[PDB]
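Heads up: the structure comes next, in structure tokens.
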Amino acid sequence: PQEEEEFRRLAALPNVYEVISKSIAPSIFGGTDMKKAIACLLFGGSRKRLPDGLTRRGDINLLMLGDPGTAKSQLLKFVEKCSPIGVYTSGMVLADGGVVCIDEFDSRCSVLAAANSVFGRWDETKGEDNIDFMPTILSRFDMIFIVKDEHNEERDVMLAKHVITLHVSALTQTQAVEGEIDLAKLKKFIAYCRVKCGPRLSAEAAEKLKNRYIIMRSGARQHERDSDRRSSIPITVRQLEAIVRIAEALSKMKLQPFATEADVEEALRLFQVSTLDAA
Amino acid sequence: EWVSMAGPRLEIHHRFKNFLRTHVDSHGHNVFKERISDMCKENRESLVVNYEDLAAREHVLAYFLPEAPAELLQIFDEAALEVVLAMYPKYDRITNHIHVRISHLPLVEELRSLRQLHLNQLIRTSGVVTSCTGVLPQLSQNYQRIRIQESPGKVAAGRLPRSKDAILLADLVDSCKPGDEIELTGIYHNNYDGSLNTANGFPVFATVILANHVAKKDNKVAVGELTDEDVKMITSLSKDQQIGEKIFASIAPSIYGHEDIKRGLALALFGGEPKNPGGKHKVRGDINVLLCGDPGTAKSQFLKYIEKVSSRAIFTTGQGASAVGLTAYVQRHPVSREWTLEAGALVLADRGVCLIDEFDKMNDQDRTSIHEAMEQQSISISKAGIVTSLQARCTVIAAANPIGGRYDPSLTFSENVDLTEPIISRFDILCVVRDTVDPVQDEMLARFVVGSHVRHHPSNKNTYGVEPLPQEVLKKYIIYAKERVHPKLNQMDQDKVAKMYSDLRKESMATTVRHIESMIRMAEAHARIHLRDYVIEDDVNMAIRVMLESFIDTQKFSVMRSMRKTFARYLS
Ligand SMILES: Nc1ncnc2c1ncn2[C@@H]1O[C@H](COP(=O)(O)OP(=O)(O)OP(O)(O)=S)[C@@H](O)[C@H]1O
Ligand SMILES: [Mg+2]
């Protein structure tokens with residue numbers, strides 16, 4: 001009973017999103033957008049039934065593609081550890097409402113999958129044909145992220161220094177950097193938020209998202225028509241459902257009964273940065 | 001029978017109480033009061049009493065304990081319980097029964113040495129745990145049934161390892177793990193089993209030991225057994241400036257030449273210091289050696305010598321080693337039919353060394369399981385609803401022959417050996433041996449071989465110029481160095497290694513972190529060779545030299561000349 005007040009105080013702050021994002025794998029350098037996506041996946045959306053008997057998915061699906069050495073398995077392990085229910089496979093029934101991480105991609109479960117390039121390493125010039133999965137299975141994923149080995153002389157030095165500092169200082173002290181939440185506390189907070197309530201969208205946000213979806217569909221049209229080639233990542237109503245689910249998850253993170261326009265804007269920005277860059 | 005007399009029984013009980021409340025150590029401290037205070041602080045249920053002190057003070061008790069174990073132990077448990085109640089009356093609320101543990105029994109016997117005469121007697125034995133059951137309640141209590149095999153190092157060749165059953169109660173429950181080497185002090189009792197009588201056709205009693213004290217066989221016992229003369233000889237050897245040369249020359253006297261291979265194998269044998277930076281990631285302190293050789297270079301002889309030298313060693317062949325055989329596997333017990341774990345070769349190789357012969361014959365499916373144990377030195381078995389973790393800290397020495405039977409110097413090392421890149425990456429030291437037609441070297445080989453043949457006739461029964469050490473002395477030196485030295489890398493110049501690693505990156509992309517780790521643990525092992533608590537940069541220089549030699553040995557001929565020219569600073 002006492003922990004309810006603690007969770008309410010934690011979720012009533014104006015900076016819950018930043019604290020949660022920083023709490024997602026503080027050891028890993030960079031990937032703030034990836035950390036936020038992982039956090040909103042862990043919070044997840046809300047499922048809704050229909051009187052006709054039909055059900056709509058309330059879980060988010062993410063896919064990651066990149067060269068080896070981009071710390072993909074570490075994120076999967078951290079997600080499995082943090083999630084109240086978590087399964088890790090090398091490539092479903094026992095998981096109910098949890099998260100299933102799937103490495104080497106080449107029942108109410110959220111799916112987080114990692115995969116490698118067809119040729120082993122990404123080729124920027126070739127563009128498409130670097131993903132072997134068919135568009136039919138690619139459409140199920142709510143978001144797709146691409147990671148490339150951005151070779152910078154200063155970035156390698158910074159990464160080496162960060163790794164060596166993590167190696168050295170870890171026996172000395174194990175303390176939060178800046179207000180980071182403990183693993184058990186974050187686990188209980190996520191469970192409490194998931195159990196307590198689930199929000200719904202608003203009319204103005206719905207109209208804004210509809211207009212943005214129409215504009216994005218026209219843009220994907222024009223890109224495909226000018227390129228004279230079929231995009232391996234199509235845009236359909238499932239993308240709109242994914243954006244709605246991400247906005248609902250963002251509203252759920254604040255425990256508000258109704259979603260705001262800021263959540264929809266953040267969901268649209270994340271969806272753009274992931275899919276449009278990937279596509 | 002004489003003990004069962006009430007008078008002597010009670011008198012001995014009170015005499016044991018006086019022993020508990022009266023003994024004084026050499027420093028003037030009543031040890032058992034400190035022990036009982038510690039146990040009360042920890043809320044344990046057992047008391048440990050040294051048998052040596054009891055024998056020194058009361059000879060009659062030391063005579064009686066092996067002869068009438070059960071009754072006397074029950075009396076001592078009652079005496080300890082009442083002493084605790086008198087000293088700590090509240091302790092009845094946390095515990096209702098306290099058991100006395102007997103440690104350091106002078107008589108140590110092997111599983112092979114068990115006969116009828118030892119029935120219902122306290123015996124101390126040594127072995128390795130193979131399988132264990134779960135915690136079982138009794139309508140009397142905690143129960144543990146375990147299966148113990150003889151230690152593979154002590155077992156002579158050609159004869160199977162024998163297995164026995166052991167029982168643990170209450171506190172001793174869950175005090176051991178499968179694959180752990182332990183010694184036991186316990187009662188050798190017999191059990192009545194009608195199934196054995198029906199099968200064999202005559203009365204047979206299955207003898208099961210009821211252990212009283214369990215102690216994992218860490219090398220602390222071996223350290224205690226060391227004679228001070230051994231320590232003084234080792235220290236006198238350590239101050240020699242040419243200790244390294246004689247140590248390297250002392251390995252494989254019967255084999256001529258091949259300095260690099262024996263250097264690398266000794267360096268791997270001495271081992272590094274395993275580290276756990278932060279408890280977040282574990283950096284291994286083990287060296288995995290790969291030996292690719294043209295036929296006729298006595299690789300099997302080296303492996304056999306390593307097998308003999310090591311205190312704990314297991315030998316396996318390529319064809320006879322399956323994935324299930326090498327690792328622990330889940331099996332249903334033929335009698336009780338609960339899932340049990342049987343340790344593989346690697347699990348029994350924990351803290352020891354494992355030798356793989358003809359590693360190029362490995363099936364890829366069998367290869368897959370190897371990487372986990374190589375990288376993490378631990379195995380996670382998830383089978384038949386049982387998920388368990390077992391320690392796999394072992395030093396692996398593998399032998400291989402190039403495809404086609406001859407090593408081609410015009411090809412990369414990866415092409416000549418039918419192994420995947422990750423497997424080679426897991427290895428820290430790579431050594432390739434070729435065959436050259438050199439008349440003077442042929443003369444040396446022939447002369448040394450014929451001399452060795454003449455020397456070792458049953459009727460009749462160096463490159464560095466240093467006299468080899470005796471085998472027993474070398475083994476004692478290895479044990480002491482393994483169990484005493486812990487070097488510290490407080491005087492390493494990071495700029496030199498950083499520049500060298502940048503050059504390594506340049507000349508490797510022209511043609512990783514774990515290479516740095518291997519060099520670090522190599523320097524640590526070289527420091528351990530010299531018995532130095534702190535590492536001198538000479539260790540780093542020698543580790544760099546040998547690592548660079550190993551790296552250039554794996555390259556094509558068209559580039560190794562340029563590599564030698566570039567790195568002539570360090571090789572000189
Ligand atoms: N350099 C050497 N010095 C002394 N004896 C040697 C040497 N090389 C080979 N021998 C002898 O040759 C015998 C047979 O060598 P092997 O160990 O069978 O050859 P190998 O290099 O292990 O290749 P494989 O594994 O047999 S195909 C050894 O037992 C030694 O007696
Ligand atoms: Mg051989």
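In the structure tokens, the first chain shown is A, the next is B, and so on; residue numbers restart at 1 for each chain, and ligands run from 1 in the order shown.
Here the residues within segment 397-508 of chain B that DSSP labels strand (DSSP E or B) on the basis of the backbone are residues 397, 398, 399, 400, 429, 430, 431, 432, 433 and 488 of chain B.
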Show me, as a PyMOL selection string, the residues that have an atom within 9 Å of segment 216-222 of chain B when counting only C-alpha atoms, minus same-chain residues fewer than 5 positions from it. chain B and resi 126-128+176+180-184+479+483
Written selection (C-alpha atoms) as a PDB file, in the first residue's frame:
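Generated output (out-v4.pdb):
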```pdb
ATOM      1  CA  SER B 126      37.880 -37.876  -1.160  1.00  0.00           C
ATOM      2  CA  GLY B 127      36.157 -37.633  -4.512  1.00  0.00           C
ATOM      3  CA  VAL B 128      34.192 -35.530  -6.972  1.00  0.00           C
ATOM      4  CA  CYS B 176      27.720 -29.188  -2.344  1.00  0.00           C
ATOM      5  CA  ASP B 180      32.749 -30.164  -7.128  1.00  0.00           C
ATOM      6  CA  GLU B 181      35.723 -31.994  -5.624  1.00  0.00           C
ATOM      7  CA  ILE B 182      35.038 -32.650  -1.933  1.00  0.00           C
ATOM      8  CA  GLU B 183      36.244 -34.752   0.963  1.00  0.00           C
ATOM      9  CA  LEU B 184      33.834 -36.285   3.453  1.00  0.00           C
ATOM     10  CA  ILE B 479      51.234 -25.755  -7.295  1.00  0.00           C
ATOM     11  CA  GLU B 483      48.105 -21.009  -5.013  1.00  0.00           C
TER      12      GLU B 483
END
```
Determine which residues of segment 178-265 of chain A DSSP labels as alpha helix (DSSP H) from the backbone of this structure, then write them out as JSON, numbers by chain. {"A": [183, 184, 185, 186, 187, 188, 189, 190, 191, 192, 193, 194, 195, 196, 203, 204, 205, 206, 207, 208, 209, 210, 211, 212, 213, 214, 215, 216, 217, 218, 219, 220, 221, 222, 223, 224, 225, 226, 227, 237, 238, 239, 240, 241, 242, 243, 244, 245, 246, 247, 248, 249, 250, 251, 252, 253, 261, 262, 263, 264, 265]}
At most 12 Å to chain B: residues in chain A, only C-alpha atoms, as a list in words: residues 27, 69, 74, 78, 156, 157, 160, 163, 164, 165, 166, 167, 168, 169, 170, 171, 172, 173, 174 and 175 of chain A
Can you work out which residues are within 9 Å of ligand 2, considering only C-alpha atoms and all ligand atoms, and then hand them over as JSON, numbers by chain? {"B": [293, 295, 296, 297, 298, 299, 300, 301, 302, 303, 357, 358, 399]}
For the residues selected in the previous step, produce a file with C-alpha atoms as a PDB file, in the first residue's frame.
```pdb
ATOM      1  CA  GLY B 293      50.902 -29.391 -37.100  1.00  0.00           C
ATOM      2  CA  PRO B 295      52.364 -35.080 -39.281  1.00  0.00           C
ATOM      3  CA  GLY B 296      55.567 -36.229 -37.625  1.00  0.00           C
ATOM      4  CA  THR B 297      56.007 -33.404 -35.089  1.00  0.00           C
ATOM      5  CA  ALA B 298      55.131 -35.342 -31.891  1.00  0.00           C
ATOM      6  CA  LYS B 299      52.032 -33.338 -30.996  1.00  0.00           C
ATOM      7  CA  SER B 300      50.450 -36.351 -29.290  1.00  0.00           C
ATOM      8  CA  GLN B 301      53.634 -36.763 -27.241  1.00  0.00           C
ATOM      9  CA  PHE B 302      53.293 -33.186 -25.977  1.00  0.00           C
ATOM     10  CA  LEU B 303      49.633 -33.764 -25.125  1.00  0.00           C
ATOM     11  CA  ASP B 357      43.050 -34.432 -29.938  1.00  0.00           C
ATOM     12  CA  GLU B 358      42.226 -34.110 -33.646  1.00  0.00           C
ATOM     13  CA  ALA B 399      45.493 -30.284 -31.559  1.00  0.00           C
TER      14      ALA B 399
END
```
List all protein, DNA and RNA residues that have any atom at most 12 Å from ligand 1, counting only C-alpha atoms and all ligand atoms, and write the list as a PyMOL selection string. chain B and resi 252-259+261+291-305+317-318+356-360+398-406+432-436+441-453
I want to know what sits within 12 Å of segment 204-219 of chain A, based on only C-alpha atoms, with residues of the same chain fewer than 2 positions away left out; could you give that as a PyMOL selection string? chain A and resi 200-202+221-226+234-244+247-248+258-269+271-272+275-276+279
What is the atom CA of residue 40 of chain B to atom CA of residue 133 of chain B distance in Å? 29.2 Å
Atom CA of residue 531 of chain B to atom CA of residue 375 of chain B measures 27.6 Å
Using only C-alpha atoms, the best pick from B:234, B:160, B:111, B:397 as closest to residue 209 of chain B would be B:111
Determine, using only C-alpha atoms, which residues of segment 125-163 of chain B have any atom at most 8 Å from an atom of segment 335-344 of chain B, and tabulate each with its shortest atom pair and distance in Å to one decimal place, rows ordered by chain and then rising number, as a Markdown table.
```
| residue | atom | partner | partner_atom | distance |
| --- | --- | --- | --- | --- |
| B:130 | CA | B:342 | CA | 5.8 |
| B:131 | CA | B:341 | CA | 5.4 |
| B:132 | CA | B:340 | CA | 6.8 |
| B:133 | CA | B:340 | CA | 7.0 |
```
Show which residues sit within 12 Å of residue 22 of chain B, as a list in words. Count only C-alpha atoms, and ignore same-chain residues fewer than 3 positions away. residues 14, 15, 16, 17, 18, 19, 25, 28, 29, 30, 31, 32, 33, 54 and 57 of chain B
Could those selected residues go to a file with N, CA and C atoms, as a tab-separated table (two decimals), in the first residue's frame?
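Generated file (out.tsv):
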```tsv
chain	number	residue	atom	x	y	z
B	14	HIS	N	29.33	-35.76	30.56
B	14	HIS	CA	29.76	-34.61	31.36
B	14	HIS	C	31.22	-34.27	31.12
B	15	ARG	N	32.07	-35.27	30.87
B	15	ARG	CA	33.46	-34.98	30.53
B	15	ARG	C	33.57	-34.21	29.22
B	16	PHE	N	32.72	-34.55	28.25
B	16	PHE	CA	32.69	-33.79	27.00
B	16	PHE	C	32.18	-32.38	27.23
B	17	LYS	N	31.22	-32.21	28.14
B	17	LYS	CA	30.79	-30.86	28.50
B	17	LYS	C	31.94	-30.06	29.10
B	18	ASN	N	32.72	-30.68	29.99
B	18	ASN	CA	33.89	-30.01	30.55
B	18	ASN	C	34.93	-29.70	29.48
B	19	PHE	N	35.09	-30.59	28.50
B	19	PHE	CA	35.98	-30.30	27.38
B	19	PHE	C	35.50	-29.08	26.60
B	25	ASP	N	43.18	-22.75	23.87
B	25	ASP	CA	44.09	-22.83	22.74
B	25	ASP	C	45.48	-22.36	23.15
B	28	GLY	N	45.46	-18.76	24.45
B	28	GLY	CA	44.71	-18.43	25.64
B	28	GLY	C	43.26	-18.07	25.40
B	29	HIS	N	42.69	-18.45	24.26
B	29	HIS	CA	41.31	-18.14	23.92
B	29	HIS	C	40.50	-19.43	23.91
B	30	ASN	N	39.34	-19.41	24.58
B	30	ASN	CA	38.41	-20.53	24.52
B	30	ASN	C	37.73	-20.47	23.16
B	31	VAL	N	38.21	-21.28	22.22
B	31	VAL	CA	37.79	-21.17	20.82
B	31	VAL	C	36.30	-21.46	20.68
B	32	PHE	N	35.81	-22.50	21.38
B	32	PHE	CA	34.44	-22.94	21.16
B	32	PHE	C	33.42	-21.90	21.60
B	33	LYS	N	33.76	-21.03	22.56
B	33	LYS	CA	32.82	-19.96	22.90
B	33	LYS	C	32.70	-18.96	21.75
B	54	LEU	N	40.63	-32.78	20.28
B	54	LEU	CA	39.99	-33.78	21.12
B	54	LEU	C	40.91	-34.96	21.37
B	57	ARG	N	43.59	-33.86	23.89
B	57	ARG	CA	43.12	-33.70	25.27
B	57	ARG	C	42.56	-34.99	25.86
```
Might you pull out every residue within 8 Å of segment 57-68 of chain A, with only C-alpha atoms counted and same-chain residues fewer than 3 positions away left off, and present them as a ChimeraX atom specification? /A:41,44-48,71-72,108-117,120-122,140-149,242,245-246
Which polymer residues have any atom within 12 Å of an atom of residue 364 of chain B, counting only C-alpha atoms, with same-chain residues fewer than 3 positions away left out, as an mmCIF file with C-alpha atoms, in the first residue's frame?
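Below is the file that was written, around_25.cif:
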```cif
data_model
loop_
_atom_site.group_PDB
_atom_site.id
_atom_site.type_symbol
_atom_site.label_atom_id
_atom_site.label_comp_id
_atom_site.auth_asym_id
_atom_site.auth_seq_id
_atom_site.Cartn_x
_atom_site.Cartn_y
_atom_site.Cartn_z
ATOM 1 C CA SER B 322 30.244 -36.228 -28.595
ATOM 2 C CA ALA B 323 28.469 -33.041 -27.554
ATOM 3 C CA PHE B 359 39.996 -31.090 -33.041
ATOM 4 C CA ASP B 360 39.615 -30.718 -36.822
ATOM 5 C CA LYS B 361 37.393 -33.830 -36.741
ATOM 6 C CA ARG B 367 31.432 -27.312 -32.004
ATOM 7 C CA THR B 368 28.473 -25.002 -31.313
ATOM 8 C CA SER B 369 28.273 -25.885 -27.611
ATOM 9 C CA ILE B 370 32.009 -25.260 -27.159
ATOM 10 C CA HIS B 371 31.953 -21.471 -27.618
ATOM 11 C CA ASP B 418 38.680 -26.426 -41.206
ATOM 12 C CA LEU B 419 37.478 -24.327 -38.273
ATOM 13 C CA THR B 420 35.241 -21.276 -38.170
ATOM 14 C CA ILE B 423 36.592 -20.774 -32.743
#
```
Near residue 77 of chain A, counting only C-alpha atoms, which residues have an atom at most 10 Å away, once you skip same-chain residues fewer than 2 positions from it, shown as a PyMOL selection string? chain A and resi 72-75+79-82+86-88+101
File dump, residues just selected, N, CA and C atoms, as an mmCIF file, in the first residue's frame:
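Okay, out_11.cif is ready:
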```cif
data_model
loop_
_atom_site.group_PDB
_atom_site.id
_atom_site.type_symbol
_atom_site.label_atom_id
_atom_site.label_comp_id
_atom_site.auth_asym_id
_atom_site.auth_seq_id
_atom_site.Cartn_x
_atom_site.Cartn_y
_atom_site.Cartn_z
ATOM 1 N N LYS A 72 23.436 -5.076 -29.615
ATOM 2 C CA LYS A 72 22.034 -5.448 -29.765
ATOM 3 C C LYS A 72 21.614 -6.521 -28.769
ATOM 4 N N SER A 73 22.461 -7.532 -28.555
ATOM 5 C CA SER A 73 22.132 -8.585 -27.600
ATOM 6 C C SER A 73 22.101 -8.060 -26.170
ATOM 7 N N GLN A 74 22.947 -7.076 -25.853
ATOM 8 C CA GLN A 74 22.941 -6.498 -24.512
ATOM 9 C C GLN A 74 21.608 -5.827 -24.210
ATOM 10 N N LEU A 75 21.053 -5.105 -25.187
ATOM 11 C CA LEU A 75 19.743 -4.490 -25.000
ATOM 12 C C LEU A 75 18.663 -5.544 -24.793
ATOM 13 N N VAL A 79 16.363 -5.878 -21.483
ATOM 14 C CA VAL A 79 14.904 -5.879 -21.565
ATOM 15 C C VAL A 79 14.336 -7.121 -20.890
ATOM 16 N N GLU A 80 14.951 -8.281 -21.133
ATOM 17 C CA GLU A 80 14.480 -9.513 -20.509
ATOM 18 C C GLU A 80 14.608 -9.446 -18.991
ATOM 19 N N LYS A 81 15.714 -8.887 -18.493
ATOM 20 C CA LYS A 81 15.890 -8.755 -17.050
ATOM 21 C C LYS A 81 14.880 -7.783 -16.450
ATOM 22 N N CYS A 82 14.631 -6.659 -17.126
ATOM 23 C CA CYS A 82 13.787 -5.612 -16.560
ATOM 24 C C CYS A 82 12.305 -5.965 -16.630
ATOM 25 N N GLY A 86 9.643 -12.179 -19.146
ATOM 26 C CA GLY A 86 10.568 -12.059 -20.255
ATOM 27 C C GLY A 86 11.128 -13.380 -20.737
ATOM 28 N N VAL A 87 11.146 -13.567 -22.055
ATOM 29 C CA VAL A 87 11.694 -14.764 -22.680
ATOM 30 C C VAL A 87 12.754 -14.333 -23.683
ATOM 31 N N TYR A 88 13.847 -15.091 -23.752
ATOM 32 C CA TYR A 88 14.933 -14.830 -24.689
ATOM 33 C C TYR A 88 15.181 -16.093 -25.500
ATOM 34 N N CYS A 101 12.354 -11.661 -26.706
ATOM 35 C CA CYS A 101 13.474 -11.209 -27.517
ATOM 36 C C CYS A 101 13.936 -12.361 -28.396
#
```
